[PDB]
Amino acid sequence: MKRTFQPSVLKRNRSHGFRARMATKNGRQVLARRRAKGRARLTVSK
Amino acid sequence: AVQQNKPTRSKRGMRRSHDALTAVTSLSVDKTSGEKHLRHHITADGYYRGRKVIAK
Amino acid sequence: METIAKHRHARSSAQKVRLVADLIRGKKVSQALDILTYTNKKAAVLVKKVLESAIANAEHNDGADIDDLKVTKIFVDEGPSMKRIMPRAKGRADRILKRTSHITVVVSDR
Amino acid sequence: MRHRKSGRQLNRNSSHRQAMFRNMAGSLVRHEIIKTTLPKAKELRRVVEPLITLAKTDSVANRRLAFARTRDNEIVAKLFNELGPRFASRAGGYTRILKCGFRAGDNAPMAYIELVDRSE
RNA sequence: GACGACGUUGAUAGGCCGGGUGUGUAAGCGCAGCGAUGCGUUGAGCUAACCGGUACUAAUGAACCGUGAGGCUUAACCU
RNA sequence: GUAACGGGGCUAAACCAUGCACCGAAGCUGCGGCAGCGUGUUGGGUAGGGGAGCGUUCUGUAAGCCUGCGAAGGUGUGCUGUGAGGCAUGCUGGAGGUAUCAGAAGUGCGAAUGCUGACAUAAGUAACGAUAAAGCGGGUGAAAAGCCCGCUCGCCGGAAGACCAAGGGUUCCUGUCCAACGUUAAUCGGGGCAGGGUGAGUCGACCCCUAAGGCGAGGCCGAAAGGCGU
RNA sequence: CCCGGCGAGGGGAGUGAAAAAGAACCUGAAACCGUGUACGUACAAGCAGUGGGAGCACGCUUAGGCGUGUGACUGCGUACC
């Protein structure tokens with residue numbers, strides 16, 4: 001039947017992107033943890 | 001249904017007794033060219049009773 | 001003198017070759033080729049290629065005549081296998097096995 | 001339960017069987033030699049020969065029955081003009097079968113089937 | 001798988017020829033009628049498995065398995 | 001299914017009373033060996049208590065000893081002790097091993113629906129993913145039902161045809177290759193390798209303006225963080 | 001150089017101390033799977049052993065009832081935690 005992931009780009013980058021992660025304080029802490037582990041992909045890339 | 005124990009190599013080999021093959025034992029020699037073919041078949045290039053079929 | 005020709009990593013399961021390899025052990029090489037040419041099996045083609053390798057192997061590098069060879073030793077061994085996956089119903093995933101086999105044929109006159 | 005019946009089934013329904021045998025008969029009459037599996041060629045003889053014995057007598061009504069089968073016009077013209085007078089002095093048995101071994105894709109027993117003289 | 005029959009000195013199967021059965025006036029042509037159609041050539045034409053004849057076609061000369069008078073002792077007959 | 005002696009079977013091979021022999025255990029004796037406790041007497045044992053030992057890794061004794069005339073490890077044979085075990089040698093192996101007495105432990109595996117890797121039985125068994133259908137001649141090649149060419153047959157036709165937006169990101173075209181992928185073979189492919197390919201004043205985006213809504217200089221409120229709003 | 005499809009895969013030659021180190025490359029055990037040799041099995045019932053035991057095959061001693069492998073027949077015997 002109808003599954004649980006119908007993709008989009010605007011709805012993805014609007015609520016998971018780098019700019020929407022710097023809007024809050026907890027998002028900045030999330031980015032700090034991602035940088036502290038050492039991942040190649042911080043939030044998202046094109 | 002499912003099994004309850006593991007049969008050995010003896011019973012597994014015993015069941016394979018009659019699953020062996022046989023030789024074809026149906027070869028023959030053509031009376032003209034000396035080449036070989038099965039019984040009641042034409043040869044690789046078309047001789048049967050010494051008569052000429054397409055031979056291709 | 002003993003003459004060896006083997007064939008590694010053939011693409012057939014090692015149990016399906018003993019049905020054909022059992023037919024020709026101990027025969028003379030010309031009658032073995034006669035039987036082996038007219039069998040409608042894949043392993044027949046494989047082991048016939050092995051035998052025609054072996055007889056020329058004995059003839060050139062060793063001589064050992066030709067008209068009087070007798071196929072003396074022939075056996076098959078398990079080879080390296082490849083794992084694959086095959087999807088099933090209800091999300092179950094089970095693996096399948098692709099097997100190989102090693103042919104060896106030793107011919108002689110003695 | 002198959003006691004004194006006749007006719008093979010070839011794992012197909014009836015209309016497909018009729019279409020295949022009409023096509024095969026047309027191809028054999030045109031080419032005078034074909035190479036088909038054994039249980040098809042052992043059944044083809046029951047179909048092709050009544051056409052050849054039909055072709056021996058030249059009547060317009062018989063021509064239109066011969067066109068009613070095989071739905072072809074150069075085939076029926078190969079009859080009545082060349083294949084007619086060739087077997088005009090022969091009582092039955094116009095095709096012959098010779099077995100020719102196995103295939104290499106599915107191991108099916110093939111068989112050549114050809115007319116008696118072929119003029120070739 | 002097994003069983004039965006036949007392999008050119010031959011009816012084992014396909015075909016051909018005659019018969020039986022089933023269906024119910026084929027095509028072409030002519031006549032009457034403006035036409036639908038009806039009438040004659042004609043119980044015509046076609047006919048799966050049935051019955052009987054017929055070597056026209058296919059069942060090839062072959063190769064493999066199986067031997068060379070069958071142990072000893074004792075008794076009874078013949079020599 | 002005999003079935004209320006273990007069976008065969010018995011008129012004594014049943015019962016009652018007496019007598020004479022014999023069979024019968026890891027008991028008692030004769031013979032040989034070990035160990036515990038005061039020449040005697042003892043020596044089966046779960047929960048638990050007490051005593052004596054074997055083997056592995058590392059440290060000192062060790063700039064000592066053995067070793068390419070062959071160390072560790074792997075596979076056999078023979079010998080010894082009461083057991084954990086020890087010793088010698090054939091073959092494989094190609095550069096390390098450790099006597100005696102002391103010391104410290106990541107120190108001894110068969111089970112926990114134990115953890116990781118490898119391999120079996122079920123078994124060459126069920127299955128090969130819409131019941132729209134294929135048949136023949138020619139070419140290529142080692143091999144043709146499945147690829148190319150041609151003749152005939154069949155299916156859809158408000159779709160199983162053609163075009164846009166979201167989505168995917170070289171799958172597009174040509175040459176070349178068949179080990180791996182394709183529920184079979186493949187010369188074939190949306191597979192591997194190498195080269196080539198998208199052209200805008202008028203098509204869309206960019207650009208000007210707003211709706212629901214988000215951020216929001218000052219300001220209001222809040223222990224910090226923050227919440228609402230011109 | 002030969003077989004093979006101008007393949008995959010091997011056999012000779014050669015380098016090397018060693019190719020039974022040949023690239024999936026030191027040493028290479030175990031479960032699992034084959035080939036050869038010796039003995040045993042197609043009228044006998046069941047935790048597969050144990051005590052007895054004829055024959056056959058292979059080595060020694062110059063037999064000497066010795067060693068190794070097999071086990072017709074037989075008394076007893078219902079795995080482990």
ask   = Is it true that residue C:99 is among the basic types (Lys, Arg), under 27 Å from residue C:6 (Cα atoms) and in contact with a strand residue (DSSP E or B) (Cβ under 9 Å, 6 or more places away or on another chain)?
value = yes
Restricting region C:80-110 to residues that are surrounded by 14 or more Cβ atoms within 10 Å (Cβ to Cβ) and assigned to a loop (DSSP other than H, G, I, E, B), the one nearest to RNA strand F (Cβ to nearest atom) turns out to be C:99
When (1) under 25 Å from the mean Cα position of the chain (by Cα); (2) more than 16 Å from RNA strand E (Cβ to nearest atom); (3) farther than 30 Å from residue D:119 by Cβ; (4) more than 13 Å from chain C (Cβ to nearest Cβ) are applied to residue B:34, the one that fails is (2)
Residue hits (region D:57-75; buried (at least 17 other Cβ atoms within 10 Å of the Cβ) and either part of a loop (DSSP other than H, G, I, E, B) or within 14 Å of chain B (Cβ to nearest Cβ) (or both)) are D:69, D:70, D:72
Counting only residues in region C:1-54 that are more than 10 Å from chain B (Cβ to nearest Cβ) and acidic (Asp, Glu), the one nearest to RNA strand E (Cβ to nearest atom) is identified as C:52
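Would a scan of region B:19-27 turn up a residue that is outside any loop (DSSP other than H, G, I, E, B), surrounded by 12 or more Cβ atoms within 10 Å (Cβ to Cβ) and under 20 Å from the mean Cα position of the chain (by Cα)? Outline the logic, then answer.
Residues of region B:19-27 that are outside any loop (DSSP other than H, G, I, E, B), as a first pass: B:27.
Restricting the remaining residues to those that are surrounded by 12 or more Cβ atoms within 10 Å (Cβ to Cβ) gives B:27.
Narrowing further to those that are under 20 Å from the mean Cα position of the chain (by Cα): B:27.
Yes, the conditions are met somewhere in region B:19-27.
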Cβ pairs under 7 Å, 6+ apart or interchain, first in region D:10-34 and more than 15 Å from residue D:69 (Cβ to Cβ) and within 14 Å of chain B (Cβ to nearest Cβ), second more than 16 Å from RNA strand G (Cβ to nearest atom) and acidic (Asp, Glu), ordered by first then second residue, are D:32/D:114; D:33/D:114
Filtering region C:10-49 down to residues that are surrounded by 18 or more Cβ atoms within 10 Å (Cβ to Cβ), of a type in the set (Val, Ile, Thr) and assigned to a helix (DSSP H, G or I) yields C:20, C:29, C:35, C:47
When residue C:72 is run through (1) hydroxyl-bearing (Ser, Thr, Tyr); (2) in a loop (DSSP other than H, G, I, E, B); (3) away from chain B (no Cβ under 14 Å), the failure sits at (2)
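Quick one: is residue D:15 over 8 Å from the mean Cα position of the chain (by Cα), hydroxyl-bearing (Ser, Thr, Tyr) and loosely packed, with under 11 Cβ neighbours inside 10 Å? Before you say what the answer is, go through the steps one by one.
Values: over 8 Å from the mean Cα position of the chain (by Cα): yes; hydroxyl-bearing (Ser, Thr, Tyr): yes; loosely packed, with under 11 Cβ neighbours inside 10 Å: yes.
When the stated conditions are applied, residue D:15 passes them.
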Does residue D:78 meet the test of being surrounded by 15 or more Cβ atoms within 10 Å (Cβ to Cβ) and within 14 Å of chain C (Cβ to nearest Cβ)?
-> no
Taking region D:63-83 and keeping residues under 15 Å from residue D:28 (Cα atoms) and of a type outside the set (S, T, N, Q) leaves D:69, D:71, D:72, D:74, D:75, D:76, D:77, D:78, D:79, D:82, D:83
Restricted to region D:81-102 and to residues being in contact (Cβ under 8 Å) with a residue 24 or more places away in the chain and within 14 Å of another protein chain (Cβ to nearest Cβ), the residue surrounded by the fewest Cβ atoms within 10 Å (Cβ to Cβ) is D:97
Scanning region B:1-31 residue by residue, the ones that are more than 9 Å from RNA strand E (Cβ to nearest atom) and either within 14 Å of chain C (Cβ to nearest Cβ) or under 18 Å from residue D:102 (Cβ atoms) (or both) total 12
The lone condition residue A:12 fails out of (1) surrounded by 10 or more Cβ atoms within 10 Å (Cβ to Cβ); (2) in a loop (DSSP other than H, G, I, E, B) is (2)
Scanning region D:103-120 for residues that are surrounded by fewer than 11 Cβ atoms within 10 Å (Cβ to Cβ) and closer than 30 Å to residue B:24 by Cβ, the one nearest to the other protein chains (Cβ to nearest Cβ) turns out to be D:107
message = Just to be sure before I move on: is residue C:25 among the basic types (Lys, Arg) and either in contact with a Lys or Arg (Cβ under 9 Å, 6 or more places away or on another chain) or on the phi > 0 side of the Ramachandran plot (or both) in the structure I sent?
response = yes
- Query: Does any residue of region C:66-79 turn out to be surrounded by fewer than 18 Cβ atoms within 10 Å (Cβ to Cβ), under 27 Å from residue D:104 (Cα atoms) and away from RNA strand G (no atom under 14 Å from the Cβ)?
  - Reply: no
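Read-outs: derived from the displayed coordinates by stated rules, not from any lab. Ideal geometry is used to build each Cβ from the backbone, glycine not excepted, and the neighbour counts take in all protein chains shown.
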